[PDB]
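A.B. asks: Protein chains in written order, with PDB author numbering: chain A, 237 to 444; chain B, 236 to 444. For reference, the structure I am asking about is given below.
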Ligand SMILES: *[C@@H]1O[C@H](CO[C@@H]2O[C@@H](C)[C@@H](O)[C@@H](O)[C@@H]2O)[C@@H](O[C@@H]2O[C@H](CO)[C@@H](O[C@@H]3O[C@H](CO[C@H]4O[C@H](CO)[C@@H](O)[C@H](O)[C@@H]4O[C@@H]4O[C@H](CO)[C@@H](O)[C@H](O)[C@H]4NC(C)=O)[C@@H](O)[C@H](O[C@H]4O[C@H](CO)[C@@H](O)[C@H](O)[C@@H]4O[C@@H]4O[C@H](CO)[C@@H](O)[C@H](O)[C@H]4NC(C)=O)[C@@H]3O)[C@H](O)[C@H]2NC(C)=O)[C@H](O)[C@H]1NC(C)=O
Ligand SMILES: *[C@@H]1O[C@H](CO[C@@H]2O[C@@H](C)[C@@H](O)[C@@H](O)[C@@H]2O)[C@@H](O[C@@H]2O[C@H](CO)[C@@H](O[C@@H]3O[C@H](CO[C@H]4O[C@H](CO)[C@@H](O)[C@H](O)[C@@H]4O[C@@H]4O[C@H](CO)[C@@H](O)[C@H](O)[C@H]4NC(C)=O)[C@@H](O)[C@H](O[C@H]4O[C@H](CO)[C@@H](O)[C@H](O)[C@@H]4O[C@@H]4O[C@H](CO)[C@@H](O)[C@H](O)[C@H]4NC(C)=O)[C@@H]3O)[C@H](O)[C@H]2NC(C)=O)[C@H](O)[C@H]1NC(C)=O
């Protein structure tokens with residue numbers, strides 16, 4: 237019957253304070269005469285009550301699904317206190333509790349590298365760019381690219397890829413133009429990953 | 236209770252060489268116990284072919300039942316637009332789980348392929364990375380290999396297909412090799428293959444040039 241799913245926030249959300257990251261709790265398989273639950277949290281054994289819970293969001297397939305937030309002061313996560321959701325509903329015998337904290341590991345400083353494009357693209361009238369990122373733990377990460385001060389969106393970035401050194405890697409791509417590049421300017425690769433001098437790093441190089 | 240059936244395609248590796256024959260498979264899930272087994276009444280958009288090996292029932296941890304249905308096929312009828320089929324007759328429930336699959340229809344594209352050398356920042360690293368980029372392709376059924384002086388480089392890693400711009404896709408590919416052995420002039424060869432490619436195969440290959 238009732239199953240329970242909770243989720244840690246996005247890396248990008250943990251790596252900047254401007255958005256408090258949210259450890260979230262979620263429940264489906266909840267019928268009607270099956271009283272709503274309370275989202276008892278327990279941070280390492282601390283009955284904190286910052287929950288920005290919402291009501292039961294019903295479903296087409298007839299499931300009173302519910303949610304509830306618990307934001308956290310970012311630091312508690314960079315060392316990952318042990319968090320716990322808990323269910324307070326008449327229904328399944330007794331509650332459901334699922335601990336969650338960033339997977340252990342002495343993290344690693346990533347290796348960011350910008351790679352200018354090649355000759356079979358140079359010639360093409362619109363050319364793309366690569367910021368390889370290797371050897372970092374954990375895969376919890378985010379990346380952006382920005383064109384000389386003002387940022388960008390015209391870029392994509394592949395979800396990570398397991399790599400035999402216990403550490404991950406990944407790439408991205410910027411579809412810049414002839415107009416911008418050879419006509420004098422560089423571009424910047426922004427890399428948010430905890431274990432680094434201010435986590436964020438930026439790389440950049442131009443015509444050379 | 237809710238007997239299900241699911242259909243399956245062949246890997247984008249098993250349809251780019253005929254040494255391998257593409258495997259097409261039909262999976263019967265969550266049967267019932269005293270239910271008799273089933274019959275596989277295949278087709279090919281209308282051709283009840285009979286070359287589909289049947290393995291007797293295989294129970295499942297949840298004390299349930301499942302079966303499978305294989306298909307050795309053709310690197311042709313599968314790459315032109317022939318919609319294959321499957322069907323189970325079962326005393327389970329009044330049902331013929333009439334199912335079909337096509338090739339991922341849609342216009343095939345022209346995937347551009349490049350190799351990228353280590354960054355000036357990487358250099359003084361013990362081992363070394365080297366990159367294969369592929370962009371501008373539809374569909375995403377594309378395979379990748381890396382090699383050197385002919386020899387097969389198996390020690391490589393692959394970034395799964397990702398979406399991009401023009402409705403097309405892309406994917407990068409990475410390799411770690413001895414910077415030492417590197418500096419002594421050794422070309423390295425990315426080598427992809429995808430549907431409507433030149434002979435369904437092009438590779439680029441470079442080194443310290
Ligand atoms: C009735 O309807 C509800 C509501 O959903 C509706 O119907 C479904 C079919 C979809 O069409 C919905 O769009 C639609 O609204 C159904 O509830 C759905 O079904 C089950 C639960 O019943 C859930 O499956 C789990 O999904 C989580 C991932 O959570 C994401 O799931 C979907 C995307 O993957 C997406 O639908 C969800 O919204 C949710 O998306 C996340 O949302 C948060 C919240 O904002 C957001 O922050 C995230 O960014 C976003 N993430 C993504 C990726 O989009 C998944 O984690 C679960 O996998 C675990 O459990 C599996 C078995 O359940 C197991 O096979 C997996 O391997 C994995 O196992 C876990 O593994 C780790 C490590 O090994 C371990 O620590 C865990 O303990 C272990 N867990 C277990 C159990 O083993 C799982 O797949 C759906 O998410 C859920 N969707 C919603 C919206 O509630 C319901 O099923 C319907 N019933 C019927 C009969 O149809
Ligand atoms: C009782 O047990 C059985 C047996 O399960 C087994 O035993 C348990 C105890 C555990 O050990 C399990 O780990 C183990 O599987 C249960 O039977 C299962 O039933 C579920 C349905 O609820 C099936 O889920 C399907 O999942 C496939 C995903 O494809 C991969 O899934 C598995 C990942 O490991 C893998 O086992 C599968 O084989 C398959 O992986 C590929 O398999 C082929 C084999 O033919 C192999 O050659 C490949 O190499 C292998 N590759 C990889 C990478 O694994 C999925 O296709 C189905 O999802 C469809 O439907 C979902 C909604 O139900 C939807 O969310 C999905 O997106 C997808 O939707 C389809 O999407 C396509 C394209 O977008 C669209 O065209 C379709 O219209 C659309 N259809 C629908 C309906 O949405 C499906 O969910 C399990 O595969 C199956 N397992 C087995 C072994 O049979 C049974 O559920 C148990 N009962 C209970 C109550 O728990």
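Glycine is no exception: its CB is placed at the ideal position from the N, C-alpha and C atoms.
(1) Quick one, which residues of the stretch 340-361 of chain B are near chain A if we go by CB-CB under 9 Å, in chain order?
(2) Please classify residue 388 of chain B: does DSSP put it in a helix, a strand, or coil?
(3) Please confirm if residue 399 of chain A has its CB atom under 8 Å from at least one CB of chain B.
(4) Any C-beta of chain A within less than 8 Å: which residues of the stretch 406-425 of chain B qualify?
(5) Report the three-state DSSP secondary structure of residue 223 of chain B (helix, strand or coil).
(6) For residue 332 of chain B, count neighbouring Cβ atoms within 10 angstroms of its own Cβ and tell me buried if that reaches 16, exposed if not.
(7) Please list the terminal residues of the continuous beta strand (DSSP E) segment that includes residue 382 of chain A.
(8) Go through its chain and collect everything with a Cβ distance to residue 375 of chain B's Cβ below 7 Å, but skip five positions before and after it.
(9) Please report whether the beta-carbon of residue 248 of chain A lies at a distance below 8 Å from any beta-carbon of chain B.
(10) I'd like to know whether the C-beta atoms of residue 290 of chain B and residue 302 of chain B end up nearer to each other than 8 Å.
(11) Taking just the CA atoms, how far does residue 343 of chain A sit from residue 315 of chain A?
(12) With H, G and I counted as helix, E and B as strand and the rest as coil, what does DSSP make of residue 352 of chain A?
(13) Compare the C-beta of residue 366 of chain A against all C-beta atoms of chain B and say whether one is closer than 8 Å.
(14) For a contact defined as C-beta to C-beta under 7 Å, what are the partners of residue 394 of chain A on chain B?
(15) Go through its chain and collect everything with a Cβ distance to residue 414 of chain B's Cβ below 7 Å, but skip five positions before and after it.
(16) Just jot down, in chain order, the residues whose CB lies closer than 6 Å to any heavy atom of ligand 2.
(17) Tell me, to the nearest whole angstrom, how far the beta carbon of residue 365 of chain A is from that of residue 412 of chain A; I am working on the premise that it is less than 8 Å.
(18) How close, in whole Å, do the beta carbons of residue 381 of chain A and residue 410 of chain A come, if the pair is a contact with beta carbons under 8 Å?
(19) Could you give the DSSP three-state label for residue 251 of chain B: helix, strand or coil?
(20) Under the DSSP definition of a beta bridge, which residues are partnered with residue 275 of chain B?
(21) With 16 as the cutoff for other CB atoms within 10 Å, does residue 284 of chain A come out buried or exposed?
(22) Between the Cα of residue 356 of chain A and those of B:370, B:269 and B:357, spot the shortest distance and give me the residue it belongs to.
C.D. replies: The answer reads as follows:
(1) Cβ contacts with chain A: 347, 348, 349, 350, 351, 352, 353, 354, 355, 356, 357 and 360.
(2) Here residue 388 of chain B refers to the residue found at position 153 of the second chain. Note: residue 388 of chain B maps to strand in three-state DSSP.
(3) Here residue 399 of chain A is taken as the residue at index 163 of the first chain, counted from 1. Closer than 8 Å to the CB of residue 399 of chain A there is at least one CB belonging to chain B.
(4) The residues in question are 406, 407 and 409.
(5) There is no way to answer for residue 223 of chain B, as the model of chain B reaches only from 236 to 444.
(6) As a working note, residue 332 of chain B is residue 97 in the second chain. Around the beta carbon of residue 332 of chain B, 16 or more other beta carbons lie within 10 angstroms, which makes this residue buried.
(7) Within the first chain, the letter at position 146 stands for residue 382 of chain A. Counted as a single uninterrupted DSSP element, the beta strand (DSSP E) harbouring residue 382 of chain A occupies residues 378-383.
(8) By one-based count along the second chain, residue 375 of chain B stands at place 140. Taken in chain order, the residues that qualify are 396 and 404.
(9) Mapped onto the first chain, residue 248 of chain A falls at position 12. No, no contact with chain B.
(10) Translated into the one-based positions of the second chain, residue 290 of chain B becomes position 55. Translated into the one-based positions of the second chain, residue 302 of chain B becomes position 67. In this structure, the beta-carbon distance from residue 290 of chain B to residue 302 of chain B falls below 8 Å.
(11) Numbered from its first residue, the first chain carries residue 315 of chain A at position 79. Numbered from its first residue, the first chain carries residue 343 of chain A at position 107. Residue 315 of chain A and residue 343 of chain A have their C-alpha atoms some 11 Å from each other.
(12) In the first chain, the residue the question calls residue 352 of chain A occupies position 116. In the three-state DSSP reduction, residue 352 of chain A falls in the coil class, being neither helix nor strand.
(13) By 1-based counting over the first chain, the position of residue 366 of chain A is 130. With respect to chain B, the C-beta atom of residue 366 of chain A has a partner C-beta closer than 8 Å.
(14) Walking along the first chain from the start, residue 394 of chain A turns up at place 158. The contacting residues are 394, 397 and 407.
(15) Here the question's residue 414 of chain B lines up with position 179 in the second chain. Contacts found: 360, 361, 362 and 363.
(16) Every residue with a CB closer than 6 Å to a heavy atom of ligand 2 is listed here in chain order: B:241, B:243, B:260, B:262, B:264, B:265, B:295, B:296, B:297, B:299 and B:301.
(17) Here residue 365 of chain A refers to the residue found at position 129 when the first chain is read from its first residue. Here residue 412 of chain A refers to the residue found at position 176 when the first chain is read from its first residue. Between residue 412 of chain A and residue 365 of chain A the Cβ distance is about 6 Å, and since that is below 8 Å, they are a contact.
(18) One-based indexing of the first chain puts residue 381 of chain A at position 145. One-based indexing of the first chain puts residue 410 of chain A at position 174. Confirmed, Cβ separation roughly 5 Å.
(19) Your numbering for residue 251 of chain B matches position 16 in the second chain. Three-state DSSP puts residue 251 of chain B in coil, outside helix and strand.
(20) Walking along the second chain from the start, residue 275 of chain B turns up at place 40. Beta-bridge pairing links residue 275 of chain B to B:323.
(21) Here residue 284 of chain A refers to the residue found at position 48 when the first chain is read from its first residue. With fewer than 16 other Cβ atoms within 10 Å, it is exposed.
(22) Here residue 356 of chain A refers to the residue found at position 120 when the first chain is read from its first residue. Selection B:370, B:269 and B:357 evaluated against residue 356 of chain A yields B:370 as nearest (Cα-Cα).
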